[PDB]
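Next comes just one chain, in structure tokens: the form deposited in one PDB entry.
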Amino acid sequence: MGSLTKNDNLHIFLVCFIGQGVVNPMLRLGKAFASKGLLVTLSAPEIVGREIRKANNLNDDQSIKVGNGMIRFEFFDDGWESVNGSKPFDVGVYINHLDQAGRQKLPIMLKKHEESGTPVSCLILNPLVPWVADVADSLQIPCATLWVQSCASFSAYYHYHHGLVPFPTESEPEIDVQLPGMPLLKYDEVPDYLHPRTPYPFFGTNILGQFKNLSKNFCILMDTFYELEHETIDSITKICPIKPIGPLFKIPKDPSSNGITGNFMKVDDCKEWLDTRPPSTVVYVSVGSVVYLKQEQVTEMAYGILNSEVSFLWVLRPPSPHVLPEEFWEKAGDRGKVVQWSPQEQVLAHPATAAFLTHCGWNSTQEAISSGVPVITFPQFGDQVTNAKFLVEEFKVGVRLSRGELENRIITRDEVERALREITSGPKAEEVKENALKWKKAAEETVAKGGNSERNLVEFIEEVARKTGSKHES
């Protein structure tokens, strides 16, 4: 191999987009790198940097030490407030703006790190900023992308963008889709951003932008694990350099980096009330922050919860409706608790928790899998309808409530009551609970030393080290 003529650290430079859905997985990846001694720069537009500085207490240089590793923050000015003015935020307009502004700002940052003696070893982007890979390719800087949805969802978008398999069109809106290494998907089980009936076609186009220059990333980091989607991963690896490294939230947390958070919203305290509950009795209900439920759907949920008589912890976050029935609060004093934002990981790990009524976002899908908590699937849009199909039919840890908002119907209180009673007692409840405990074990092993996800991460670091030549001068 040759005698050592240099002993440089590596410098990982992550580039975020907007919102907690990108910052948190990106920040979790950066904390893993910093615990292994690498210098990590979390970079983001200034509109994100305002929320990061407000949520945390960053010092004058905005950096924390983790051994010889480090997590530092470098926010760049996207010029958005000056250009956008009084207009309401439009993510379709913004993503194009960040493309132009990012291509101007990133080379300046990278050139400065080169002059300052801290050259960037690897850029890591996400699907909504694929221009990072263009700048990386032009500078001969290795780059990788962090896919934060399931591998099933990746395979759907890949085959759609490349036209490798017939998808539902306006002429045939209801044909099934058979993807390699996947179960057969119904027309409404494909990530419905890609379906012609979607009200959000722009969300699909934005995700599809990752695939136009995907081959510029030498590695596709995935927030999933091999045991969970082994058949889909086997089929995709033959085409793309994907490497499952998830669940990102289950990687061992280093205490010297646990002070940093990517969550921007206040967290209500659920631990105190959960501790008073008998084990495996509370049904945790949450649709996240992006889902906005109509009043009529909330009412049927309240009556279903009330008629089911189950104990519950309901995350009912309003915008800036929603009134619950009066009879609900008469009985809620003994049975349930209603909050606006819960500590979901802590809640799913509590011994009082029995099930998770969820909208089936991929983070929640993985957190339920990793916690051994069975689910009631209540998908709304996007890849949720896909995650819901896997939770119930493939992972076999779930009970179905709805098929997504494109079904265009209110889920009645009788449907809510039946699903709640089914996940809490009877033969189906025992089956999905047992399967969920086998997924909890598999998730805890893949991130442990020697696990599939842990090995792929160290392999990525070593591959970066080889490309950088961190121990051989030139």
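Throughout, rigid core stands for the largest set of C-alpha atoms superposing within 1.5 Å between the two forms. Quick note: we count residues from 1 along the sequence shown, nothing fancier.
Another form exists, deposited in another entry; not displayed. Remarks below refer to it.
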Q: With the two forms aligned on their rigid core, point out which item of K449, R409, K441, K65 shifts its C-alpha by 2 Å or more between this form and the one not shown.
A: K65
Q: Return yes or no for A429: a CA shift of at least 2 Å between this form and the one not shown, with the rigid core superposed?
A: no
(Q) With a change of at least 3 Å, which way does the C-alpha separation between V66 and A349 go in the other form: closer or farther? (A) closer
